[PDB]
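Novice: This structure is in structure tokens; I'll ask about it shortly.
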Amino acid sequence: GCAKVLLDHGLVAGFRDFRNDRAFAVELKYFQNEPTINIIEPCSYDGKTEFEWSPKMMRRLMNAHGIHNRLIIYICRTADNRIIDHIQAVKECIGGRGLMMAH
Amino acid sequence: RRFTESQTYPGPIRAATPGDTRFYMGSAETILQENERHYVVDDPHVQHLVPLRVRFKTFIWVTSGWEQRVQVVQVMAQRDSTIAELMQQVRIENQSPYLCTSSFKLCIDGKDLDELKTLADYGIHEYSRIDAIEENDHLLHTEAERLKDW
Amino acid sequence: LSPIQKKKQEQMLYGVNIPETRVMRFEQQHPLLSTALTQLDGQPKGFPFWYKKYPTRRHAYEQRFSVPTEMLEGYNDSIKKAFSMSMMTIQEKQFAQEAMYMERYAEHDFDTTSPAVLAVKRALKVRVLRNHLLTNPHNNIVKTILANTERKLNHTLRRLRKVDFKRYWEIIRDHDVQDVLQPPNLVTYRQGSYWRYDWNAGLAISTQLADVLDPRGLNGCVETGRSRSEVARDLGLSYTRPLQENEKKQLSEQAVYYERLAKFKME
Amino acid sequence: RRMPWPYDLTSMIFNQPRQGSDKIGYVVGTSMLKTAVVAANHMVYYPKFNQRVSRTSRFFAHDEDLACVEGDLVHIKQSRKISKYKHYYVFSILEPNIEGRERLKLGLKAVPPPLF
Amino acid sequence: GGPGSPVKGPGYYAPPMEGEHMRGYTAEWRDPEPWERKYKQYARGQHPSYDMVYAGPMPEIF
Amino acid sequence: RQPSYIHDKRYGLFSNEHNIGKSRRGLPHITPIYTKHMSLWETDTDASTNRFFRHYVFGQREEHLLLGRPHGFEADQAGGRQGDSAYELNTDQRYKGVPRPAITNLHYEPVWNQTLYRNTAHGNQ
Amino acid sequence: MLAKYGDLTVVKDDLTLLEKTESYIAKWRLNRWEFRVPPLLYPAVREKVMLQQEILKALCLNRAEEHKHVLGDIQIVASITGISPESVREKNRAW
Amino acid sequence: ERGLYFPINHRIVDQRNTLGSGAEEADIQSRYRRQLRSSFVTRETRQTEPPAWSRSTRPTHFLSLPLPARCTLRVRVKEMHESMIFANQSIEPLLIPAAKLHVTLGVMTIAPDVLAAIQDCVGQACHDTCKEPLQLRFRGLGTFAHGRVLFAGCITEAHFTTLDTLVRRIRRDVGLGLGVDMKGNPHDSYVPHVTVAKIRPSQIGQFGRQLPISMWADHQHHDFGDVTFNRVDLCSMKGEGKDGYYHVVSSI
Amino acid sequence: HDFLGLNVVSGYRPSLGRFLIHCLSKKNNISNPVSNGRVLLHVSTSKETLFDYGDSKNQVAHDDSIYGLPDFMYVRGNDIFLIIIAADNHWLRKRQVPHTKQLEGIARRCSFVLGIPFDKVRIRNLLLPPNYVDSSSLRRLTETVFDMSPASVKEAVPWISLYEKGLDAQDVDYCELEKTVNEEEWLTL
Amino acid sequence: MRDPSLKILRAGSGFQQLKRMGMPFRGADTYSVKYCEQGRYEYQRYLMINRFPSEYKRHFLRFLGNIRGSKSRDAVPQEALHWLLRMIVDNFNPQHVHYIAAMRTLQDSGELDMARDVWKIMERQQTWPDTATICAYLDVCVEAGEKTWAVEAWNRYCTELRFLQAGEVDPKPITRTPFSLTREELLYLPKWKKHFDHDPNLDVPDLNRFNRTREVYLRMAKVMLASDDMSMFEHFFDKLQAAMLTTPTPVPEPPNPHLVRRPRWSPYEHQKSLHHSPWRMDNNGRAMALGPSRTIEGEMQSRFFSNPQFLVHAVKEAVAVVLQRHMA
RNA sequence: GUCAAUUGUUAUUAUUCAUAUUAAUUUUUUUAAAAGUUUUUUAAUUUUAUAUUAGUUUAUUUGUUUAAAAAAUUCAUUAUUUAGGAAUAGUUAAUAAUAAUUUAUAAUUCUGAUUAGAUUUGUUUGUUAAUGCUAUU
């Protein structure tokens with residue numbers, strides 16, 4: 001679901017669910033011979049901690065000193081188990097745990 | 001007595017006369033371990049061992065002067081028992097030596113109880129008022145009543 | 001080794017044959033074969049009629065190299081001896097005993113992950129591993145796998161006993177591998193980690209209680225709050241561990257006290 | 001700082017009328033009469049680490065018919081004070097240690113003894 | 001009144017999987033005036049929008 | 001801070017003052033107030049609504065570790081869960097437990113729930 | 001089973017008793033279906049009996065509501081045509 | 001300090017005694033905990049109480065698994081019997097004949113057509129279930145009817161699960177299917193047991209209400225050994241020991 | 001009551017057996033019900049055995065996916081029909097369809113036991129909808145499998161025209177089952 | 001250097017927030033306009049609280065104590081209704097004792113409409129009232145004199161009530177096993193299916209066991225008699241008559257100890273004598289010295305009667321209203 | 001659904017660590033303060049109930065009318081400090097209104113107990129951008 005979201009934001013060329021249990025393949029996409037994904041980091045460096053995100057804790061991020069700023073992309077796993085980007089996550093105003101960030 | 005005078009008819013009419021009924025073990029429950037009942041709504045009735053109240057009279061050494069208080073023993077009574085067993089039955093539940101100092105004949109309202117009879121002939125239930133008189137009821141009026149400290 | 005454990009090694013020296021359970025199954029299921037097999041007796045038989053007899057190639061252990069005893073008949077006795085269970089290397093003698101025992105407890109004949117099978121497969125290895133280790137006392141390479149095998153032993157046993165204790169008693173009693181099962185210590189037993197292992201395995205609720213202790217008493221009423229016992233008392237059921245004598249004598253006294261009161265206070 | 005974490009196993013399975021009303025755990029000790037020692041998990045959540053750990057404790061519960069054999073899963077509840085340390089009663093046993101009854105039926109202890 | 005609001009609840013009532021009745025599943029939906037043309041277009045989403053997003057710079061004319 | 005009307009609804013309307021009337025109360029350690037947002041209650045709310053239940057590693061894990069539910073460190077179901085256990089997979093749980101409460105009918109048939117009194121017949125006409 | 005309901009009245013068009021019996025079931029509120037379960041039954045059936053009760057409970061509402069408008073559906077004609085709600089049930093397309 | 005300043009005996013309240021009269025008129029005394037003794041310490045278990053209208057009628061027939069001889073049950077309980085006639089010779093008129101020891105499952109007040117239908121019914125109720133030869137492991141003695149009966153308490157370990165359905169299987173049928181009275185009419189699980197002792201109604205005046213605790217306090221939780229039962233038997237209790245056993249009129 | 005699928009538990013398979021007897025009783029004799037257990041045959045040597053072998057709906061899942069299992073087997077003589085109540089499982093369903101080896105496997109085995117000529121054995125199948133029954137099924141059942149004089153159909157089944165259960169869209173694919181590709185026995189069943 | 005957004009997005013469950021959750025600039029412009037939209041009490045969600053097994057009964061008694069205790073002298077007749085609400089507001093589902101306690105207390109206080117309000121509340125709470133409760137509301141309906149009420153309540157709840165036929169067995173034994181959870185149901189069914197508060201509709205199956213059907217047709221005929229609708233009264237009272245003679249005696253129901261004052265052991269020796277004061281002869285708890293302030297018929301409840309005696313009593317109960325109908 | 005925002009002049013680099021601000025002791029007259037409580041017929045009797053001590057980390061828990069004013073209890077779960085760590089002891093449980101010599105062998109403890117050291121157990125502070133560190137009765 002994450003690659004599905006990053007794809008729709010264009011950070012990756014295109015994923016594919018080979019339906020292999022172990023691993024699927026995602027095509028990176030480069031611009032200016034520089035990878036599109038500058039800084040991508042998993043939210044919880046440890047699995048034991050699973051940080052959840054209020055619909056306001058995300059909304060504060062979109063505003064970098066007064067300008068609605070959708071540069072960074074955060075992925076959230078909703079309670080309904082919908083892998084959703086933080087942008088849509090505030091749209092329908094629902095929270096979820098935080099998987100990773102990318103920008 | 002309104003509750004009791006009421007349930008007097010369930011005695012016969014609820015269980016004795018109906019030639020048809022059933023009694024269902026399971027969902028026929030008992031008391032809890034939170035020291036109380038649990039709010040269900042029914043019971044026809046039954047009490048095999050009727051708890052009998054037996055009230056006594058014994059003196060206690062108050063700081064000022066001797067005085068006698070009402071030590072009542074609540075004994076479980078077999079509804080088919082003779083009173084001679086009752087007087088025998090009660091003596092072990094004294095819990096205080098000062099109660100059963102000697103023989104005593106149980107009494108109702110001053111009219112003594114006939115031991116060879118059962119509780120059915122006397123018709124004794126819980127609310128029946130059974131005093132208990134020691135042999136020395138004649139004593140304790142004579143000047144050897146009890147020795148106090150002056 | 002110990003009296004119980006060495007009892008198996010006796011059956012290893014002269015080996016072990018197929019149990020009749022396999023050879024009788026083959027008959028009551030494939031009548032034309034068993035009629036054909038006992039008809040071709042002694043003759044060099046050019047077709048493997050007994051193929052269904054030995055399904056897995058390792059299910060052949062009576063002779064060497066998993067060469068089925070039936071193939072050898074048409075030859076001279078000199079050959080039938082060279083492959084006898086007598087002339088096996090010890091490394092095979094384990095695989096002869098293993099494939100024999102693991103066959104007995106195999107609920108699924110081809111399976112090698114059934115907790116009964118997986119148990120015996122390591123269980124017998126531990127003995128002959130201990131058999132080796134004590135004889136020549138110092139061999140570090142052997143000692144390490146002894147930790148690896150007991151781990152795969154206990155992980156199998158604590159998982160097995162929940163599946164069926166009946167089979168399970170055979171795995172512990174016959175080989176006396178109980179010593180590795182004995183709880184690691186008091187702390188890991190006091191805090192429950194000895195019991196919580198069944199939880200951390202996932203076989204906590206896997207009993208199918210309909211076999212023993214009909215659940216009509218194991219569940220106190222939620223409406224009422226009655227304890228476990230009261231719902232058995234009201235149903236007339238009894239669920240008591242067979243008492244120790246420690247709890248037996250103290251329970252006799254409790255039952256006699258207020259009767260013993262009728263003894264003492266008649267004086 | 002270590003703050004009590006109510007959200008846990010026993011909280012999620014059972015509606016607890018108040019805090020820690022009911023508990024669930026393995027029967028660690030049946031040596032004492034009518035008293036099955038149980039080890040259960042009460043959660044503590046670290047806000048600093050943001051990770052929560054389990055601190056397991058020992059509770060006593062009262063089983064009337066001596067129904068609890070070593071190695072059982074019991075669903076106990078709180079109740080009136082029975083002794084200095086018993087305030088629990090074994091409300092129900094979920095998982096009976098079948099061996100424990102059978103290993104006693106043979107005539108042994110319901111569990112092999114510890115090593116140390 | 002967001003998502004944490006108490007659930008509004010279902011509308012219909014179909015207890016089983018073995019809910020088999022044709023001529024059903026039609027009972028869920030049972031749908032003068034001088035409306036302004038533009039608005040009846042805009043109300044149905046067929047009308048060409050003009051967001052703030054099509055705004056260039058506000059130029060200094062004076 | 002959390003409001004105080006949270007206290008009443010969980011325990012009882014005006015349960016506070018009755019508790020205050022205690023002789024030995026508040027000295028030295030008082031019984032503090034149960035002010036916890038209604039969706040964060042330990043007991044009533046399920047996993048899908050209470051976010052804290054959605055914790056896995058020491059939370060839902062032990063459950064599926066007990067129930068036998070095939071569970072992973074992360075998966076498709078709610079909390080570290082992959083597939084149903086043998087029990088859930090085989091047994092019908094529609095009508096097991098508390099019977100379907102009668103007050104549900106109030107929903108589909110709503111004429112029953114009606115304000116008996118005019119809100120203006122309170123003294124504010 | 002069969003032996004119980006034994007009184008016989010053959011004077012019944014397929015519709016009359018049904019349409020009549022429907023009306024009583026039509027006015028039925030939901031609580032009418034509360035205690036229809038036979039009490040003393042096994043969890044094997046105390047489950048299965050409740051389910052089958054929900055199916056009938058489902059179908060009655062179907063034959064109640066989906067027929068409820070039908071009377072109105074007939075009445076829409078009467079309110080427009082001015083004829084008996086009975087005769088509409090037989091009027092044709094050519095009509 | 002040595003004893004509790006207000007021990008449990010001061011931590012008891014009773015509802016029949018009006019709290020506010022027994023507390024606010026004078027001191028009440030009673031051996032309360034004796035009254036609150038759990039049915040586990042006494043082993044007084046609640047068999048189905050028959051409707052009073054059936055209580056005037058006396059049992060005619062009984063369906064019962066007759067105990068197999070040579071089994072560990074007797075040689076343990078006959079060891080108890082000799083141990084009990086040793087303790088009190090008075091128990092010998094009370095004791096149940098060791099010839100008549102058997103599992104008591106059902107009490108029915110029946111004549112032959114009634115016998116035949118059940119003969120088909122239990123001949124089917126077993127065949128509807130087709131159970132394998134039952135094995136019931138007994139352990140722990142207990143009391144019925146306020147002590148007037150002492151029975152072999154049947155633990156629910158070995159095979160009781162497939163069994164107690166048999167009780168409910170016939171009880172549904174013999175009671176409600178066809179018109180056969182029983183003490184436990186409403187589908188009820190009759191506690192199956194072997195009555196080791198039984199006070200006769202005439203003997204109640206001879207020996208008293210309660211069979212003495214001291215007689216069975218020793219083997220209150222004795223382990224009576226699993227016995228394999230294969231044949232259910234319906235019998236009339238009119239005779240005594242016709243073949244060492246009561247008159248047999250059915251089996252399966 | 002069962003054919004309409006209202007019997008949500010144990011759906012209509014045993015009742016189907018009764019119907020087939022009734023569909024066959026009125027056919028020849030009212031004194032027909034010779035139920036010597038699972039076999040309910042006719043004796044006129046125009047054999048109409050109504051042998052029901054087992055419960056496909058409730059056994060093909062748990063063991064031995066023996067697709068050949070005819071929930072009912074009704075031989076008409078030369079034609080050897082099989083009536084199988086199709087499993088709700090879209091998966092097991094293709095393990096109820098008898099395969100070519102099973103067809104000629106049974107046919108060459110029924111020719112011996114029943115004396116039917118080897119050439120004229122014409123074995124066929126019929127799978128009803130899983131949980132309910134449809135109106136077309138009853139018709140093509142009483143019209144081809146249990147060949148019935150159409151007038152006697154009204155006699156034996158008066159409510160035939162009154163039947164209205166039409167196949168729900170979800171379960172129209174109850175019939176359109178495809179043979180797995182010969183090289184894909186791993187992935188497909 | 002670790003991202004500042006992480007340094008915030010990491011500690012979302014920071015103990016500062018924990019205080020604001022309660023786990024252990026400010027003008028009107030900022031607050032959303034959508035605030036004023038929420039209708040009254042829509043903000044509250046459902047609440048399924050489990051209370052202690054004992055405290056289920058204690059809390060009921062205190063409610064049972066106020067309702068049947070409201071009409072003492074001070075508390076308003078309305079008060080009996082206000083205590084029924086405070087229970088329901090706090091999710092204690094109101095049991096049938098708390099219903100009868102209201103209708104009885106309210107009728108005693110001349111409040112008839114309010115006595116119906118308690119009946120609509122249990123019509124709102126969708127609690128099916130048992131026969132004992134059904135007859136209660138009909139009793140106020142008699143004082144209410146409305147045929148329109150009883151006829152309404154008749155169809156809804158007491159439709160299938162049938163007289164105990166001679167062949168039917170007798171008052172049904174208890175069939176409702178108390179709510180017990182097998183471990184399987186406990187571990188796997190969701191929370192909302194494992195909460196049990198005593199719903200009043202749970203024992204209504206067995207609350208009808210003692211077969212008080214006869215008191216129904218009488219109260220209904222009484223209402224038909226009260227509203228001058230005797231055309232209905234005959235059909236009811238006639239149907240009551242024919243069955244009152246042929247059907248057996250309906251087994252009278254023992255008194256519910258929750259409702260009625262069950263007597264309790266007490267030492268009655270420490271009682272003030274009748275002439276405790278010199279000034280007047282007192283009526284002590286033990287013995288009566290002034291006598292009965294009321295002439296008592298001395299008869300037990302109408303349910304304790306025989307099968308015929310009820311019928312002739314039904315005439316007495318009927319004609320007493322014909323008095324009051326005329327007297328009102 | 002309206003406020004998270006970091007300011008030391010260093011001194012090869014590694015390593016939170018001298019000289020900074022904030023808040024405190026230094027730091028100073030603008031909040032205390034002395035005795036005799038008081039009734040009452042009885043030399044008496046009614047009414048006059050928790051600051052300041054000494055040493056406690058498995059610890060501290062509660063009211064029948066007193067008052068008010070005209071069947072509610074003695075129990076509990078949790079959380080508990082020492083750098084380098086081993087035993088504890090009028091015992092535990094069951095009887096019971098036993099048990100100065102009943103009955104068990106029990107109970108605590110390395111999941112860190114007991115003794116010893118310091119500390120009165122904290123909706124209270126300060127610092128901060130802040131999980132934190134750092135106080136308080």
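Here, A, B, ... name the chains of the structure tokens in the order displayed, residue numbers run from 1 inside each chain, and ligands are numbered from 1 in the same displayed order.
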Could you work out which residues of chain K fall inside 9 Å of chain H? Count only C-alpha atoms (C1' of nucleotides), and format the result as a PyMOL selection string.

Specialist: chain K and resi 64+71+73-74+97

Novice: Could you turn the residues from that selection into a file that holds C-alpha atoms (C1' of nucleotides), as a PDB file, in the first residue's frame?

Specialist:
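Printed below is out_16.pdb as written:
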```pdb
ATOM      1  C1'   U K  64     -23.435   1.660  64.461  1.00  0.00           C
ATOM      2  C1'   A K  71     -29.038  -3.730  55.503  1.00  0.00           C
ATOM      3  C1'   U K  73     -17.043  -1.004  58.039  1.00  0.00           C
ATOM      4  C1'   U K  74     -12.026  -3.172  60.094  1.00  0.00           C
ATOM      5  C1'   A K  97     -14.151 -17.800  68.647  1.00  0.00           C
TER       6        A K  97
END
```

Novice: Please identify all residues of chain B having at least one atom at most 8 Å from any atom of chain H, considering only C-alpha atoms, and return them as number ranges by chain.

Specialist: B: 15-25, 69-75, 93-95

Novice: Find the spatial neighbours of residue 60 (chain H), counting only C-alpha atoms (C1' of nucleotides), within a cut-off of 9 Å - ignore same-chain residues fewer than 6 positions away - and output them as a list in words.

Specialist: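 What passes the distance filter is residues 107, 108, 109, 110, 235, 236, 237 and 238 of chain H.
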
Novice: Residues of chain D within 10 Å of chain H, using only C-alpha atoms, as a list in words?

Specialist: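 Close to chain H, chain D has residues 64, 65, 66, 82, 83, 98, 101, 102 and 105 of chain D.
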
Novice: Dump N, CA, C and O atoms for the selected residues as a tab-separated table (two decimals), in the first residue's frame?

Specialist:
```tsv
chain	number	residue	atom	x	y	z
D	64	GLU	N	-12.84	-23.15	45.38
D	64	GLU	CA	-13.56	-23.87	46.42
D	64	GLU	C	-13.32	-25.37	46.34
D	64	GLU	O	-12.84	-25.99	47.29
D	65	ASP	N	-13.64	-25.97	45.20
D	65	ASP	CA	-13.59	-27.42	45.04
D	65	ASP	C	-12.21	-27.92	44.64
D	65	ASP	O	-12.10	-29.00	44.07
D	66	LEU	N	-11.16	-27.14	44.94
D	66	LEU	CA	-9.79	-27.50	44.59
D	66	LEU	C	-9.70	-27.93	43.13
D	66	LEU	O	-9.13	-28.97	42.80
D	82	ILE	N	-10.81	-12.02	51.78
D	82	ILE	CA	-10.87	-13.32	52.44
D	82	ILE	C	-9.75	-13.49	53.46
D	82	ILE	O	-10.00	-14.05	54.54
D	83	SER	N	-8.54	-13.03	53.17
D	83	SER	CA	-7.45	-13.09	54.13
D	83	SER	C	-6.58	-11.86	53.99
D	83	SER	O	-6.97	-10.89	53.32
D	98	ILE	N	-4.47	-30.87	31.38
D	98	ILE	CA	-4.93	-32.25	31.40
D	98	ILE	C	-3.89	-33.16	32.04
D	98	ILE	O	-4.20	-33.94	32.94
D	101	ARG	N	-3.83	-33.25	35.90
D	101	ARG	CA	-4.75	-34.18	36.56
D	101	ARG	C	-4.32	-35.62	36.34
D	101	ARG	O	-4.35	-36.43	37.27
D	102	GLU	N	-3.89	-35.95	35.12
D	102	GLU	CA	-3.48	-37.31	34.83
D	102	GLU	C	-2.15	-37.64	35.50
D	102	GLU	O	-1.97	-38.73	36.04
D	105	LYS	N	-3.08	-38.40	38.64
D	105	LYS	CA	-3.78	-39.69	38.65
D	105	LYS	C	-2.79	-40.84	38.71
D	105	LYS	O	-3.08	-41.88	39.32
```

Novice: Please identify which residues in region 21-152 of chain I DSSP calls helix (DSSP H, G or I) from the backbone, and express them as a PyMOL selection string.

Specialist: chain I and resi 21-25+92-95+100-114+135-145+150-152

Novice: Would you mind listing, for every residue of chain I within 10 Å of chain G, the two atoms forming the shortest contact and the distance between them in Å to one decimal, using only C-alpha atoms, sorted by chain and ascending residue number, as CSV?

Specialist:
```
residue,atom,partner,partner_atom,distance
I:6,CA,G:55,CA,7.5
I:7,CA,G:52,CA,7.4
I:8,CA,G:52,CA,6.7
I:9,CA,G:48,CA,7.4
```

Novice: Extract, using only C-alpha atoms (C1' of nucleotides), all DNA, RNA and protein residues at most 10 Å from residue 100 (chain F), discarding same-chain residues fewer than 5 positions from it, and format them as a PyMOL selection string.

Specialist: (chain F and resi 94-95+105) or (chain G and resi 34) or (chain J and resi 193)

Novice: From the DSSP assignment of the backbone, select every residue of region 26-236 of chain H that is strand (DSSP E), and format the answer as an MDAnalysis selection string.

Specialist: chainID H and resid 28:29 61:66 102:109 134:144 149:154 181:182 194:198 223:229 233:236

Novice: Residues of chain F within 7 Å of chain A: nearest atom pair and distance (Å, one decimal) for each, counting only C-alpha atoms, sorted by chain and number, as a Markdown table?

Specialist:
```
| residue | atom | partner | partner_atom | distance |
| --- | --- | --- | --- | --- |
| F:48 | CA | A:79 | CA | 6.3 |
| F:55 | CA | A:50 | CA | 6.7 |
| F:57 | CA | A:48 | CA | 5.5 |
| F:76 | CA | A:81 | CA | 6.9 |
| F:77 | CA | A:81 | CA | 6.9 |
| F:78 | CA | A:81 | CA | 6.3 |
```

Novice: Take the residues just selected and output them with N, CA and C atoms as a compact mmCIF listing (two decimals), in the first residue's frame.

Specialist:
```txt
# COMPACT_ATOMS: atom_id res chain seq x y z
N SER F 48 -11.31 -1.14 17.40
CA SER F 48 -11.44 -0.31 16.20
C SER F 48 -11.69 1.15 16.55
N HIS F 55 -2.32 -0.90 19.58
CA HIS F 55 -0.96 -1.34 19.85
C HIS F 55 -0.85 -2.84 19.66
N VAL F 57 2.72 -4.91 19.79
CA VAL F 57 3.86 -5.73 20.20
C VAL F 57 3.65 -6.35 21.58
N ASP F 76 -2.35 -7.65 7.27
CA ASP F 76 -3.49 -7.01 6.61
C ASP F 76 -4.63 -6.73 7.57
N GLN F 77 -4.78 -7.54 8.62
CA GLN F 77 -5.90 -7.36 9.53
C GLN F 77 -5.59 -6.21 10.49
N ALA F 78 -6.41 -6.06 11.53
CA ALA F 78 -6.34 -4.87 12.37
C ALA F 78 -5.00 -4.76 13.07
```

Novice: If we count only C-alpha atoms (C1' of nucleotides), what is near residue 101 (chain B) at a cut-off of 10 Å, once residues fewer than 3 positions away on the same chain are taken out, given as a VMD selection string?

Specialist: chain B and resid 91 96 to 98 104 134 to 135

Novice: Keeping only N, CA, C and O atoms, take the residues you just selected and write them out as a short mmCIF file (atom, residue, chain, number, x, y, z; two decimals), in the first residue's frame.

Specialist:
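Saved file part.cif follows:
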```
data_model
loop_
_atom_site.label_atom_id
_atom_site.label_comp_id
_atom_site.auth_asym_id
_atom_site.auth_seq_id
_atom_site.Cartn_x
_atom_site.Cartn_y
_atom_site.Cartn_z
N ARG B 91 -26.96 -26.28 73.57
CA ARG B 91 -25.97 -26.06 74.61
C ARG B 91 -24.56 -25.92 74.05
O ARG B 91 -23.71 -25.24 74.63
N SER B 96 -19.72 -18.95 75.05
CA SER B 96 -19.42 -18.19 76.23
C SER B 96 -19.78 -19.10 77.40
O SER B 96 -20.92 -19.57 77.47
N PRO B 97 -18.84 -19.36 78.31
CA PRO B 97 -19.14 -20.28 79.42
C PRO B 97 -20.30 -19.81 80.28
O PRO B 97 -21.00 -20.63 80.88
N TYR B 98 -20.53 -18.50 80.33
CA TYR B 98 -21.49 -17.94 81.28
C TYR B 98 -22.93 -18.21 80.88
O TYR B 98 -23.84 -17.79 81.60
N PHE B 104 -31.06 -26.24 81.93
CA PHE B 104 -32.07 -25.21 81.72
C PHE B 104 -33.16 -25.78 80.83
O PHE B 104 -32.88 -26.51 79.88
N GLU B 134 -32.81 -20.43 83.37
CA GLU B 134 -31.96 -21.32 84.14
C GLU B 134 -32.73 -21.87 85.34
O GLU B 134 -33.79 -21.36 85.72
N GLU B 135 -32.19 -22.93 85.93
CA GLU B 135 -32.82 -23.54 87.11
C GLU B 135 -32.95 -22.54 88.25
O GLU B 135 -33.93 -22.58 89.01
#
```

Novice: Using only C-alpha atoms (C1' of nucleotides), I'd like a table of the residues in chain J that come within 8 Å of chain K; for each, show the closest atom pair and its distance in Å rounded to one decimal, ordered by chain and ascending number, as a tab-separated table.

Specialist:
```
residue	atom	partner	partner_atom	distance
J:11	CA	K:131	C1'	6.1
J:14	CA	K:131	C1'	5.8
J:15	CA	K:131	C1'	7.3
J:25	CA	K:2	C1'	5.6
J:26	CA	K:2	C1'	7.1
J:29	CA	K:2	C1'	7.6
J:30	CA	K:2	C1'	4.3
J:31	CA	K:1	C1'	6.6
J:32	CA	K:1	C1'	6.4
```

Novice: For a test of reading the model, state the distance in Å between CA of residue 14 (chain C) and CA of residue 82 (chain C), rounded to one decimal.

Specialist: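 Calculated distance between CA of residue 14 (chain C) and CA of residue 82 (chain C) is 14.8 Å.
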